[PDB]
$ cat model.cif   # mmCIF, C-alpha atoms and all ligand atoms
data_my_file
#
loop_
_atom_site.group_PDB
_atom_site.id
_atom_site.type_symbol
_atom_site.label_atom_id
_atom_site.label_comp_id
_atom_site.auth_asym_id
_atom_site.auth_seq_id
_atom_site.Cartn_x
_atom_site.Cartn_y
_atom_site.Cartn_z
ATOM 1 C CA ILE A 1 0.000 0.000 0.000
ATOM 2 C CA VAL A 2 1.542 3.372 -0.959
ATOM 3 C CA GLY A 3 0.612 6.620 0.861
ATOM 4 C CA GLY A 4 -1.378 4.737 3.512
ATOM 5 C CA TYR A 5 -1.024 4.505 7.262
ATOM 6 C CA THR A 6 -0.372 1.744 9.814
ATOM 7 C CA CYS A 7 -3.854 0.377 10.591
ATOM 8 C CA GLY A 8 -3.187 -0.693 14.066
ATOM 9 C CA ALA A 9 -2.938 -4.173 15.393
ATOM 10 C CA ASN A 10 -6.006 -6.141 14.559
ATOM 11 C CA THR A 11 -8.172 -3.101 13.438
ATOM 12 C CA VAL A 12 -9.099 -4.875 10.107
ATOM 13 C CA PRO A 13 -10.108 -8.163 11.860
ATOM 14 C CA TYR A 14 -11.310 -9.844 8.628
ATOM 15 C CA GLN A 15 -7.898 -9.404 6.932
ATOM 16 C CA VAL A 16 -5.960 -12.636 6.243
ATOM 17 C CA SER A 17 -2.399 -13.293 4.926
ATOM 18 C CA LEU A 18 -1.997 -16.279 2.584
ATOM 19 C CA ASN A 19 1.378 -17.905 3.241
ATOM 20 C CA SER A 20 3.282 -20.607 1.292
ATOM 21 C CA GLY A 21 6.506 -20.192 3.320
ATOM 22 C CA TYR A 22 6.211 -16.404 3.067
ATOM 23 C CA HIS A 23 3.287 -13.976 2.702
ATOM 24 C CA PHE A 24 2.294 -13.716 -0.943
ATOM 25 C CA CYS A 25 -1.297 -12.432 -0.914
ATOM 26 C CA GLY A 26 -4.077 -11.107 1.300
ATOM 27 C CA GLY A 27 -7.641 -12.361 1.577
ATOM 28 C CA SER A 28 -10.872 -11.671 3.563
ATOM 29 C CA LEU A 29 -12.571 -14.010 6.052
ATOM 30 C CA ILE A 30 -16.303 -14.281 5.098
ATOM 31 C CA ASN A 31 -17.252 -16.844 7.855
ATOM 32 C CA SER A 32 -15.423 -19.299 10.181
ATOM 33 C CA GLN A 33 -14.547 -21.738 7.382
ATOM 34 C CA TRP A 34 -14.100 -19.592 4.182
ATOM 35 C CA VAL A 35 -11.824 -16.903 2.780
ATOM 36 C CA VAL A 36 -12.198 -14.982 -0.534
ATOM 37 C CA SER A 37 -9.079 -13.749 -2.308
ATOM 38 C CA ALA A 38 -8.051 -13.170 -5.949
ATOM 39 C CA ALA A 39 -7.738 -16.041 -8.420
ATOM 40 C CA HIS A 40 -4.307 -14.839 -9.553
ATOM 41 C CA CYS A 41 -3.118 -15.640 -5.955
ATOM 42 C CA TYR A 42 -3.893 -19.332 -6.515
ATOM 43 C CA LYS A 43 -1.034 -21.553 -5.318
ATOM 44 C CA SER A 44 -0.974 -25.053 -4.138
ATOM 45 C CA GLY A 45 0.096 -25.312 -0.447
ATOM 46 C CA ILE A 46 -1.607 -22.395 1.251
ATOM 47 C CA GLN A 47 -1.682 -21.720 4.971
ATOM 48 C CA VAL A 48 -4.048 -18.924 6.036
ATOM 49 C CA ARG A 49 -2.885 -16.695 8.868
ATOM 50 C CA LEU A 50 -5.625 -14.799 10.765
ATOM 51 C CA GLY A 51 -5.172 -12.163 13.584
ATOM 52 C CA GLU A 52 -2.069 -10.816 12.010
ATOM 53 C CA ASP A 53 -0.544 -7.440 12.492
ATOM 54 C CA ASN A 54 3.261 -7.984 12.079
ATOM 55 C CA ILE A 55 3.713 -10.982 9.688
ATOM 56 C CA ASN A 56 7.236 -11.558 10.907
ATOM 57 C CA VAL A 57 6.442 -11.705 14.647
ATOM 58 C CA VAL A 58 4.082 -14.114 16.437
ATOM 59 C CA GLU A 59 2.482 -11.697 18.904
ATOM 60 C CA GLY A 60 -0.062 -14.087 20.440
ATOM 61 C CA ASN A 61 -3.273 -13.385 18.501
ATOM 62 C CA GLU A 62 -2.676 -15.502 15.436
ATOM 63 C CA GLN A 63 -4.384 -18.504 14.041
ATOM 64 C CA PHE A 64 -2.424 -20.314 11.246
ATOM 65 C CA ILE A 65 -4.816 -22.765 9.472
ATOM 66 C CA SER A 66 -4.134 -24.707 6.331
ATOM 67 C CA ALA A 67 -6.534 -24.643 3.445
ATOM 68 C CA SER A 68 -8.449 -27.878 2.624
ATOM 69 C CA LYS A 69 -9.474 -26.676 -0.828
ATOM 70 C CA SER A 70 -9.385 -23.777 -3.298
ATOM 71 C CA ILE A 71 -11.988 -22.895 -5.940
ATOM 72 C CA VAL A 72 -10.996 -20.368 -8.610
ATOM 73 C CA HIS A 73 -13.944 -18.784 -10.409
ATOM 74 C CA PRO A 74 -15.165 -20.915 -13.422
ATOM 75 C CA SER A 75 -14.594 -18.025 -15.852
ATOM 76 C CA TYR A 76 -11.313 -16.615 -14.537
ATOM 77 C CA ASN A 77 -9.166 -15.359 -17.465
ATOM 78 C CA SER A 78 -5.550 -14.946 -16.359
ATOM 79 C CA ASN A 79 -4.763 -12.827 -19.424
ATOM 80 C CA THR A 80 -7.373 -10.087 -18.797
ATOM 81 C CA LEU A 81 -7.843 -10.785 -15.098
ATOM 82 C CA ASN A 82 -11.602 -10.829 -15.637
ATOM 83 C CA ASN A 83 -13.410 -12.740 -12.827
ATOM 84 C CA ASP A 84 -10.400 -12.526 -10.573
ATOM 85 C CA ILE A 85 -11.907 -14.150 -7.456
ATOM 86 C CA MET A 86 -11.232 -17.442 -5.579
ATOM 87 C CA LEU A 87 -12.604 -19.108 -2.413
ATOM 88 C CA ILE A 88 -10.381 -20.967 0.040
ATOM 89 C CA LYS A 89 -11.865 -23.337 2.608
ATOM 90 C CA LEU A 90 -10.068 -23.758 5.945
ATOM 91 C CA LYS A 91 -9.208 -27.264 7.180
ATOM 92 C CA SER A 92 -10.512 -26.214 10.602
ATOM 93 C CA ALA A 93 -12.854 -23.469 11.587
ATOM 94 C CA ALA A 94 -11.260 -20.313 12.837
ATOM 95 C CA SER A 95 -12.252 -18.988 16.316
ATOM 96 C CA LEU A 96 -13.835 -15.641 15.771
ATOM 97 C CA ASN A 97 -13.107 -13.115 18.440
ATOM 98 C CA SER A 98 -12.375 -9.394 18.523
ATOM 99 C CA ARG A 99 -9.201 -9.830 16.468
ATOM 100 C CA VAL A 100 -10.660 -12.316 14.013
ATOM 101 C CA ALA A 101 -14.007 -11.436 12.602
ATOM 102 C CA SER A 102 -15.671 -12.098 9.228
ATOM 103 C CA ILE A 103 -16.825 -9.349 6.843
ATOM 104 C CA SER A 104 -20.330 -9.175 5.281
ATOM 105 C CA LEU A 105 -20.954 -9.664 1.600
ATOM 106 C CA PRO A 106 -22.901 -6.855 -0.110
ATOM 107 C CA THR A 107 -26.643 -6.792 -0.776
ATOM 108 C CA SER A 108 -26.123 -4.249 -3.665
ATOM 109 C CA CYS A 109 -23.144 -2.649 -5.425
ATOM 110 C CA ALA A 110 -21.558 0.555 -4.128
ATOM 111 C CA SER A 111 -21.732 3.895 -5.934
ATOM 112 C CA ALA A 112 -18.885 5.979 -7.268
ATOM 113 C CA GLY A 113 -17.916 8.422 -4.576
ATOM 114 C CA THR A 114 -18.211 5.894 -1.751
ATOM 115 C CA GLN A 115 -15.131 5.836 0.551
ATOM 116 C CA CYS A 116 -13.603 2.416 1.166
ATOM 117 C CA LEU A 117 -10.831 0.985 3.269
ATOM 118 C CA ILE A 118 -8.118 -1.034 1.478
ATOM 119 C CA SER A 119 -5.493 -2.903 3.538
ATOM 120 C CA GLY A 120 -2.472 -5.154 3.100
ATOM 121 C CA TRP A 121 1.237 -5.876 3.641
ATOM 122 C CA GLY A 122 2.315 -4.969 0.104
ATOM 123 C CA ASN A 123 5.044 -2.714 -1.269
ATOM 124 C CA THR A 124 4.846 0.888 0.050
ATOM 125 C CA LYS A 125 6.979 2.675 -2.557
ATOM 126 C CA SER A 126 5.870 3.558 -6.068
ATOM 127 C CA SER A 127 9.435 3.897 -7.254
ATOM 128 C CA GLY A 128 11.282 1.492 -4.977
ATOM 129 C CA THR A 129 10.663 -1.675 -3.000
ATOM 130 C CA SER A 130 9.883 -1.416 0.723
ATOM 131 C CA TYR A 131 7.852 -4.243 2.255
ATOM 132 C CA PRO A 132 6.267 -3.417 5.606
ATOM 133 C CA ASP A 133 5.847 -5.980 8.324
ATOM 134 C CA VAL A 134 2.695 -4.446 9.885
ATOM 135 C CA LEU A 135 -0.651 -3.937 8.148
ATOM 136 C CA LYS A 136 -1.138 -0.737 6.160
ATOM 137 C CA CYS A 137 -4.477 0.904 5.412
ATOM 138 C CA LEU A 138 -5.699 3.312 2.790
ATOM 139 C CA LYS A 139 -9.081 5.160 2.598
ATOM 140 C CA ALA A 140 -9.905 5.654 -1.093
ATOM 141 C CA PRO A 141 -13.075 6.400 -3.021
ATOM 142 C CA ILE A 142 -14.622 4.440 -5.816
ATOM 143 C CA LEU A 143 -14.066 6.216 -9.089
ATOM 144 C CA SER A 144 -16.617 6.623 -11.819
ATOM 145 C CA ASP A 145 -16.400 4.022 -14.486
ATOM 146 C CA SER A 146 -15.707 6.720 -17.069
ATOM 147 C CA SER A 147 -12.397 7.637 -15.389
ATOM 148 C CA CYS A 148 -11.565 3.963 -14.839
ATOM 149 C CA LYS A 149 -12.150 3.118 -18.499
ATOM 150 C CA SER A 150 -10.233 6.186 -19.843
ATOM 151 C CA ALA A 151 -7.183 5.109 -17.802
ATOM 152 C CA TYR A 152 -7.390 1.536 -19.117
ATOM 153 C CA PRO A 153 -9.053 1.605 -22.617
ATOM 154 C CA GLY A 154 -10.550 -1.799 -23.617
ATOM 155 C CA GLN A 155 -9.421 -3.452 -20.382
ATOM 156 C CA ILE A 156 -12.240 -2.894 -17.837
ATOM 157 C CA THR A 157 -15.197 -5.212 -17.695
ATOM 158 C CA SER A 158 -18.423 -5.086 -15.752
ATOM 159 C CA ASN A 159 -16.655 -7.187 -13.088
ATOM 160 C CA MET A 160 -14.105 -4.541 -12.222
ATOM 161 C CA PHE A 161 -14.149 -1.018 -10.751
ATOM 162 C CA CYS A 162 -11.399 1.475 -9.939
ATOM 163 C CA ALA A 163 -10.726 3.162 -6.636
ATOM 164 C CA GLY A 164 -7.952 5.545 -5.635
ATOM 165 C CA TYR A 165 -6.719 8.993 -6.668
ATOM 166 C CA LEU A 166 -6.009 9.943 -10.299
ATOM 167 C CA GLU A 167 -3.438 12.444 -9.013
ATOM 168 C CA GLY A 168 -1.587 9.268 -7.845
ATOM 169 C CA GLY A 169 0.227 9.094 -4.472
ATOM 170 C CA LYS A 170 -2.071 6.634 -2.801
ATOM 171 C CA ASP A 171 -2.802 3.068 -4.114
ATOM 172 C CA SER A 172 -2.637 -0.706 -3.510
ATOM 173 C CA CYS A 173 0.536 -2.358 -4.817
ATOM 174 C CA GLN A 174 2.016 -5.821 -5.169
ATOM 175 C CA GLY A 175 1.864 -7.888 -2.043
ATOM 176 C CA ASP A 176 -1.673 -6.445 -1.466
ATOM 177 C CA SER A 177 -3.282 -8.633 -4.159
ATOM 178 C CA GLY A 178 -6.308 -10.604 -2.903
ATOM 179 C CA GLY A 179 -6.966 -8.190 -0.098
ATOM 180 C CA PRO A 180 -10.165 -6.403 0.901
ATOM 181 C CA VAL A 181 -11.807 -3.154 -0.203
ATOM 182 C CA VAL A 182 -14.590 -2.601 2.341
ATOM 183 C CA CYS A 183 -17.169 0.185 1.914
ATOM 184 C CA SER A 184 -20.061 0.818 4.336
ATOM 185 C CA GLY A 185 -19.356 -2.340 6.245
ATOM 186 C CA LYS A 186 -19.437 -4.680 3.174
ATOM 187 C CA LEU A 187 -16.722 -6.383 1.161
ATOM 188 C CA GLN A 188 -17.133 -4.634 -2.227
ATOM 189 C CA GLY A 189 -13.789 -5.388 -3.838
ATOM 190 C CA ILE A 190 -10.668 -7.573 -4.049
ATOM 191 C CA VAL A 191 -7.239 -6.036 -4.924
ATOM 192 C CA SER A 192 -6.661 -7.299 -8.487
ATOM 193 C CA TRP A 193 -4.365 -5.237 -10.735
ATOM 194 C CA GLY A 194 -3.224 -1.752 -11.666
ATOM 195 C CA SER A 195 -0.407 -0.060 -13.678
ATOM 196 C CA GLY A 196 2.681 0.170 -11.419
ATOM 197 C CA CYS A 197 1.607 1.760 -8.119
ATOM 198 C CA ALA A 198 0.238 5.168 -7.164
ATOM 199 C CA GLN A 199 0.957 6.616 -10.610
ATOM 200 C CA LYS A 200 -0.966 9.592 -11.862
ATOM 201 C CA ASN A 201 -4.046 8.539 -13.870
ATOM 202 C CA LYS A 202 -3.384 4.860 -13.131
ATOM 203 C CA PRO A 203 -5.781 3.911 -10.217
ATOM 204 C CA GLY A 204 -5.917 0.354 -8.946
ATOM 205 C CA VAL A 205 -8.515 -2.038 -10.373
ATOM 206 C CA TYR A 206 -10.627 -4.238 -8.112
ATOM 207 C CA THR A 207 -12.838 -7.319 -8.680
ATOM 208 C CA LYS A 208 -16.482 -6.136 -8.157
ATOM 209 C CA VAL A 209 -17.704 -8.571 -5.481
ATOM 210 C CA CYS A 210 -21.409 -7.551 -5.696
ATOM 211 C CA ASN A 211 -21.508 -9.437 -9.037
ATOM 212 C CA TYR A 212 -20.418 -12.801 -7.425
ATOM 213 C CA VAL A 213 -22.589 -13.033 -4.277
ATOM 214 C CA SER A 214 -24.812 -15.798 -5.650
ATOM 215 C CA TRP A 215 -21.765 -17.735 -6.889
ATOM 216 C CA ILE A 216 -20.064 -17.367 -3.495
ATOM 217 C CA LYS A 217 -23.121 -18.391 -1.507
ATOM 218 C CA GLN A 218 -23.885 -21.386 -3.711
ATOM 219 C CA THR A 219 -20.329 -22.577 -3.849
ATOM 220 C CA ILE A 220 -19.691 -22.440 -0.159
ATOM 221 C CA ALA A 221 -22.946 -24.190 0.677
ATOM 222 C CA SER A 222 -22.051 -27.125 -1.613
ATOM 223 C CA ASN A 223 -18.437 -27.551 -0.447
HETATM 224 CA CA CA A 301 2.251 -11.973 13.805
HETATM 225 MG MG MG A 302 -2.935 -0.834 -8.178
HETATM 226 ZN ZN ZN A 303 -1.039 -9.026 -8.119
#
$ encode --input "model.cif" --output "structure tokens" --more "lines below"
Ligand SMILES: [Ca+2]
Ligand SMILES: [Mg+2]
Ligand SMILES: [Zn+2]
Amino acid sequence: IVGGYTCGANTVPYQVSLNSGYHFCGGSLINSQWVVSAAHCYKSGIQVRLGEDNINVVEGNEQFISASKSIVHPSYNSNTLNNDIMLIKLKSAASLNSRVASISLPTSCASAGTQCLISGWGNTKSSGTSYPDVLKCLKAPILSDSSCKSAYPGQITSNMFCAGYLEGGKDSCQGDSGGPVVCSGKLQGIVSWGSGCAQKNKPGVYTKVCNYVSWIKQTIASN
């Protein structure tokens, strides 16, 4: 996350870190047994770490649970990143508490202008590489589709939306992929892609979760 702040230990209780020997992506806990992340974060051998603040220090509030199965969306296109969403089931149910809570799925889609909270342990430099060990947060608004599409001509689909600042300066970055974009108490997006980080007129692009609620609900109930 570039131009963001340190969230605070366990202030984004639904935030998860996907680990395969090291942190490689973020995710969101939707209930005691399931996590939603981005399909381009699919790996074999995932351990989910909940209650994390510093990913390099076990401070007492963590739960490290291995995944039993992963389901990438049926229509995921790794070339265009369309339908970039995946569900991960936990081998054991997590214990929800103050530090580990699930986030609600949306009932409707959010409007341009809505302020959201984006979080993750990704790179914090646009021009440079600095990986933080504690969770970073960023408040950013949803941009109108017209400004999202002008920035990425022929690349945005109905399953994506942009959020951020066209002036640049603030944005999600690599290492944040799969993480949450929460607006008005609902999970509205998943960190998917962007052009470099925090560049002017290059906002980040997010998977539009309101379009997959039925798929999520049906898939988790049958697995
Ligand atoms: Ca820790
Ligand atoms: Mg981006
Ligand atoms: Zn990525």
$ closest_residue --input "model.cif" --among "A:175, A:4, A:128, A:74" --to "residue A:17" --atoms "only C-alpha atoms"
A:175
$ resolve_selection --input "model.cif" --expression "the PyMOL selection byres (((not hetatm)) within 9 of (chain A and resi 301))" --output "PyMOL selection string"
chain A and resi 49-62+133-134
$ write_last_selection --input "model.cif" --atoms "C-alpha atoms" --output "mmCIF file, keeping the file's coordinate frame"
data_model
loop_
_atom_site.group_PDB
_atom_site.id
_atom_site.type_symbol
_atom_site.label_atom_id
_atom_site.label_comp_id
_atom_site.auth_asym_id
_atom_site.auth_seq_id
_atom_site.Cartn_x
_atom_site.Cartn_y
_atom_site.Cartn_z
ATOM 1 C CA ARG A 49 -2.885 -16.695 8.868
ATOM 2 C CA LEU A 50 -5.625 -14.799 10.765
ATOM 3 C CA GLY A 51 -5.172 -12.163 13.584
ATOM 4 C CA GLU A 52 -2.069 -10.816 12.010
ATOM 5 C CA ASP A 53 -0.544 -7.440 12.492
ATOM 6 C CA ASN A 54 3.261 -7.984 12.079
ATOM 7 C CA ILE A 55 3.713 -10.982 9.688
ATOM 8 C CA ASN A 56 7.236 -11.558 10.907
ATOM 9 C CA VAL A 57 6.442 -11.705 14.647
ATOM 10 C CA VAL A 58 4.082 -14.114 16.437
ATOM 11 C CA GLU A 59 2.482 -11.697 18.904
ATOM 12 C CA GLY A 60 -0.062 -14.087 20.440
ATOM 13 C CA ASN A 61 -3.273 -13.385 18.501
ATOM 14 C CA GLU A 62 -2.676 -15.502 15.436
ATOM 15 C CA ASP A 133 5.847 -5.980 8.324
ATOM 16 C CA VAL A 134 2.695 -4.446 9.885
#
$ residues_near_ligand --input "model.cif" --ligand "ligand MG 302 (chain A)" --cutoff "12 Å" --atoms "only C-alpha atoms and all ligand atoms" --output "ChimeraX atom specification"
/A:1-2,118,122-126,140,148,161-166,168-179,190-207
$ atom_distance --input "model.cif" --atom1 "atom CA of residue A:85" --atom2 "atom CA of residue A:31"
16.4 Å
$ closest_residue --input "model.cif" --among "A:10, A:68, A:37, A:159" --to "ligand ZN 303 (chain A)" --atoms "all atoms listed in the file"
A:37
$ resolve_selection --input "model.cif" --expression "the PyMOL selection byres (((chain A and resi 106) around 6) and not hetatm)" --output "JSON, numbers by chain"
{"A": [105, 107, 108, 186, 210]}
$ write_last_selection --input "model.cif" --atoms "C-alpha atoms" --output "JSON list (two decimals), in the frame of the given file"
[["chain", "number", "residue", "atom", "x", "y", "z"],
["A", 105, "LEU", "CA", -20.95, -9.66, 1.60],
["A", 107, "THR", "CA", -26.64, -6.79, -0.78],
["A", 108, "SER", "CA", -26.12, -4.25, -3.66],
["A", 186, "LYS", "CA", -19.44, -4.68, 3.17],
["A", 210, "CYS", "CA", -21.41, -7.55, -5.70]]
$ atom_distance --input "model.cif" --atom1 "atom CA of residue A:208" --atom2 "atom CA of residue A:143"
12.6 Å
$ closest_residue --input "model.cif" --among "A:81, A:183, A:67, A:117" --to "residue A:34" --atoms "all atoms listed in the file"
A:67
$ axis_aligned_box --input "model.cif" --around "stretch 101-117 of chain A" --padding-each-side "8 Å" --output "lines of an AutoDock Vina configuration file"
center_x = -18.7
center_y = -1.8
center_z = 2.7
size_x = 31.8
size_y = 36.5
size_z = 35.9
$ atom_distance --input "model.cif" --atom1 "atom CA of residue A:86" --atom2 "atom CA of residue A:36"
5.7 Å
$ closest_residue --input "model.cif" --among "A:32, A:70, A:79, A:222" --to "residue A:97" --atoms "only C-alpha atoms"
A:32
$ build_atoms --input "model.cif" --residues "stretch 27-45 of chain A" --atoms "N, CA, C and O atoms" --output "compact mmCIF listing (two decimals), in the coordinates of the input"
# COMPACT_ATOMS: atom_id res chain seq x y z
N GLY A 27 -6.31 -11.74 1.79
CA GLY A 27 -7.64 -12.36 1.58
C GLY A 27 -8.59 -11.77 2.66
O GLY A 27 -8.14 -10.99 3.49
N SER A 28 -9.84 -12.14 2.60
CA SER A 28 -10.87 -11.67 3.56
C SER A 28 -11.63 -12.87 4.16
O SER A 28 -12.01 -13.77 3.43
N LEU A 29 -11.84 -12.88 5.44
CA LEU A 29 -12.57 -14.01 6.05
C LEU A 29 -14.08 -13.67 5.88
O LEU A 29 -14.51 -12.61 6.31
N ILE A 30 -14.84 -14.56 5.28
CA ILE A 30 -16.30 -14.28 5.10
C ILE A 30 -17.11 -15.06 6.14
O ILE A 30 -18.26 -14.73 6.32
N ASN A 31 -16.54 -16.06 6.78
CA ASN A 31 -17.25 -16.84 7.86
C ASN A 31 -16.17 -17.74 8.45
O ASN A 31 -15.10 -17.82 7.87
N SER A 32 -16.44 -18.42 9.53
CA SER A 32 -15.42 -19.30 10.18
C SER A 32 -14.66 -20.28 9.33
O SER A 32 -13.56 -20.62 9.69
N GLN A 33 -15.25 -20.74 8.26
CA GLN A 33 -14.55 -21.74 7.38
C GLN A 33 -14.10 -21.24 5.96
O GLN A 33 -13.42 -21.99 5.31
N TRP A 34 -14.47 -20.07 5.55
CA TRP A 34 -14.10 -19.59 4.18
C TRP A 34 -13.47 -18.21 4.06
O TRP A 34 -13.81 -17.28 4.77
N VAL A 35 -12.58 -18.14 3.11
CA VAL A 35 -11.82 -16.90 2.78
C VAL A 35 -12.02 -16.63 1.26
O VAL A 35 -12.14 -17.55 0.47
N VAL A 36 -12.06 -15.36 0.89
CA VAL A 36 -12.20 -14.98 -0.53
C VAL A 36 -10.90 -14.20 -0.80
O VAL A 36 -10.45 -13.42 0.02
N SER A 37 -10.32 -14.47 -1.92
CA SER A 37 -9.08 -13.75 -2.31
C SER A 37 -9.19 -13.64 -3.85
O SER A 37 -10.25 -13.84 -4.43
N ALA A 38 -8.10 -13.32 -4.48
CA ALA A 38 -8.05 -13.17 -5.95
C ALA A 38 -7.60 -14.50 -6.59
O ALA A 38 -6.78 -15.21 -6.06
N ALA A 39 -8.13 -14.80 -7.73
CA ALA A 39 -7.74 -16.04 -8.42
C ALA A 39 -6.27 -16.00 -8.83
O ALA A 39 -5.62 -17.04 -8.87
N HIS A 40 -5.75 -14.83 -9.12
CA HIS A 40 -4.31 -14.84 -9.55
C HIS A 40 -3.32 -15.11 -8.39
O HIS A 40 -2.13 -15.12 -8.55
N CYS A 41 -3.89 -15.33 -7.20
CA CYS A 41 -3.12 -15.64 -5.96
C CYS A 41 -3.17 -17.16 -5.78
O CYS A 41 -2.62 -17.69 -4.84
N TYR A 42 -3.83 -17.85 -6.67
CA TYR A 42 -3.89 -19.33 -6.52
C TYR A 42 -2.48 -19.95 -6.52
O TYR A 42 -1.65 -19.65 -7.36
N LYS A 43 -2.29 -20.80 -5.55
CA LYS A 43 -1.03 -21.55 -5.32
C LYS A 43 -1.53 -22.82 -4.71
O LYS A 43 -2.65 -22.94 -4.24
N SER A 44 -0.65 -23.75 -4.71
CA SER A 44 -0.97 -25.05 -4.14
C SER A 44 -0.17 -24.94 -2.83
O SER A 44 0.92 -24.39 -2.87
N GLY A 45 -0.68 -25.40 -1.73
CA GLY A 45 0.10 -25.31 -0.45
C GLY A 45 -0.10 -24.01 0.31
O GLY A 45 0.88 -23.39 0.68
